[PDB]
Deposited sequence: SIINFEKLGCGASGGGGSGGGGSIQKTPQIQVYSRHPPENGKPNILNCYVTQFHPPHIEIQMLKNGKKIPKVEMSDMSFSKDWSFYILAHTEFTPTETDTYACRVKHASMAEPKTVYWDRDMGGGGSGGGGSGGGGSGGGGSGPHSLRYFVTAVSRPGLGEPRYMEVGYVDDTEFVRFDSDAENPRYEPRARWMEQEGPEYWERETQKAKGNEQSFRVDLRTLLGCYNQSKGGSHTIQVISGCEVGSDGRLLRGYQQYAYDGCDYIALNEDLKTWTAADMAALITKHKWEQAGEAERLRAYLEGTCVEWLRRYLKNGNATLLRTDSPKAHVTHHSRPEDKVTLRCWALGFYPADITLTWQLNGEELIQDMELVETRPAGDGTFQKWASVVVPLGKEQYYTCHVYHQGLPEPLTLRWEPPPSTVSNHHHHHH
């Protein structure tokens, strides 16, 4: 259960480039149906246009994940489409974003314990196009379990995991109505931040909050979060002592001084130590079965033939959960950290993740290299070698 937010009240009335990977859900064999993904990350502002192209031409039925953002405030989203890969068909993903002069097209190539309850809030103004879009997204240990999105005709808190369905009607009504009250607080703050940052009234702007608690096995609060960003930059944050605020710039000093006078750190302390902890506990009971599951990586090495007497070994980790993983190549028992290539961990789209690490080795020397896979679901690290 998210807190009811206090208005920022900063006083009476910057862009990040997307990163793109394009890859299939399952290893591509020609003729068999599959899923092509276009994973876009690290971008701000959140408005973005993503097209998937087949042989130069737009692909019509392209589904898209709901948009999320990460602890560094940048947004991310998964686009995907069904496709049956063939030998000569070319696929690609094209991204239009205000941080880029021109749309970026990225082609697909067929080779190359403690617990937390956190809420991720977004409010984006859209002058001329509608009311600000407001979202609340709840995560129990990085698993999304509830969501409120204002862009519906009758906005409602929705379960996002089957184990939330057992909460009664009284719960969803209370959350829904708290969300609509929260929505109005951010609408007012979006108006007000314009003056505070001396901005024009026709531009789109963004408020983001991360709010919640991390709780140890003993049931005691390990860390509390209440941090705000305006246009993708720190604005204000409760300190680890849960008594004082860190204001990232001058406009936030007005909010801080105000929240000091109002005792807002103390209201947060109480929510964080009590209410947040107690609800986390409740969501853990409901989700007991599913939330604790891990899936360990199945790994394998692939071989790719380069110019001259160099070859590339690629080490793959597929179908693992959670996303945290380490891949390393070794030669003679030393790690080749400084000369190997790797991709950012990426969702398969069925709820699990993929990663690979590659190294360039001499032709005929493939059996001198060993790949290591470290994942928390493994009883023991995996060790693998290329094999024909």
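By the record, the deposited chain contains unmodelled runs at 14 to 23, 123 to 142, 419 to 431, with no C-alpha atoms placed there.
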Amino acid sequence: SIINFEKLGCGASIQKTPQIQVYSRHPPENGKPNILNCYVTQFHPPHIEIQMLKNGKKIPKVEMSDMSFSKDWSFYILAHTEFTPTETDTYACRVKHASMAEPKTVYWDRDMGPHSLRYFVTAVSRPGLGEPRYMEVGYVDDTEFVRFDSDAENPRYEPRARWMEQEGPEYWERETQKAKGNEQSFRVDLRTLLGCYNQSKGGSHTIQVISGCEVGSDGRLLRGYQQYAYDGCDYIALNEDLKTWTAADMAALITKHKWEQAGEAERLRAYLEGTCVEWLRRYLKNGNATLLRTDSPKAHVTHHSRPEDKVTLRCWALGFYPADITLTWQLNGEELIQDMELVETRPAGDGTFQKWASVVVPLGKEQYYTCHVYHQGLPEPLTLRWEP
From here on, numbers count along this sequence of modelled residues.
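Mean CA temperature factor is higher for 301 to 309 when stretches 301 to 309 and 270 to 278 are set side by side in the entry. Relative to one another, 52 to 60 and 330 to 338 have unequal mean CA B-factors, and 330 to 338 is the one with the higher figure. The residue among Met250, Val95, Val137, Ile236 whose C-alpha carries the highest B-factor in the deposited model is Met250.
Among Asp218, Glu175, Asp142, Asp72, the highest C-alpha B-factor recorded in the PDB entry belongs to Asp142. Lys180: CA B factor lies in the lowest third for its chain, per the PDB record. Among the modelled residues of its chain, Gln21 has a C-alpha B-factor that falls in the lowest third, as given in the PDB entry. Residue-level temperature factors show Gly364 in the lowest third of its chain, judged at the C-alpha atom.
The PDB entry assigns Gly168 a C-alpha temperature factor belonging to the highest third of its chain's modelled residues. Among the modelled residues of its chain, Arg118 has a C-alpha B-factor that falls in the lowest third according to the deposited record.
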